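Notes follow the structure.
No value in this document is a laboratory result; all are computed from the given coordinates. Cβ sites come from the backbone with ideal geometry, for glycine too, and all protein chains shown count toward neighbours.
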């Protein structure tokens, strides 16, 4: 799954949607993945 | 009266309410204050250093 494509959006204190750049989305993947899950099963998210 | 000009109407009230309806931190942001108003009559915008 690693290095697979991923999309993200920022939600700031005041409400605004900032789409994420593939480089950003990637650098958030690297520490993010394994907190989200495969088929039929689910994981939990944390900071 | 003197060459002074003072704006007595503000047009973003609707936008201001909308932005406020989301959250407290939306209306009190710095960026809520940067919403521009049309200039006073004619006039020449400039910056001095």
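Looking at the protein assembly as shown, I'd like the Rg to Rh ratio, where Rg is from alpha-carbon atoms and Rh is Kirkwood's inverse mean 1/r.
On the way: Rg = 22.8 Å, Rh = 18.4 Å.
Rg/Rh: 1.24.
Can you give the convex hull volume per residue for the Cα atoms of chain A, as a whole number of Å³? Can you show the working numbers first?
Numbers: hull volume 4.6 nm³, N = 47.
So the per-residue hull volume is 97 Å³.
Let's test the formula: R0 of 30 Å, r as the Cβ-Cβ distance of residue B:14 and residue A:31. What FRET efficiency results, to the nearest 0.05? Please report the intermediate quantities before stating the final value.
Details: r = 42 Å, r/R0 = 1.40.
With a Förster radius of 30 Å, E is 0.10.
How would B:49, A:44 line up from fewest to most surrounding beta-carbon atoms within 10 angstrom? Each step should come with its number before you reach the end.
Details: B:49 2, A:44 7.
Fewest to most other Cβ atoms nearby, the residues stand as B:49, A:44.
As a test of understanding, state the convex hull volume per residue of chain B from its alpha carbons, in Å³.
Per-residue hull volume (Cα only) is 112 Å³.
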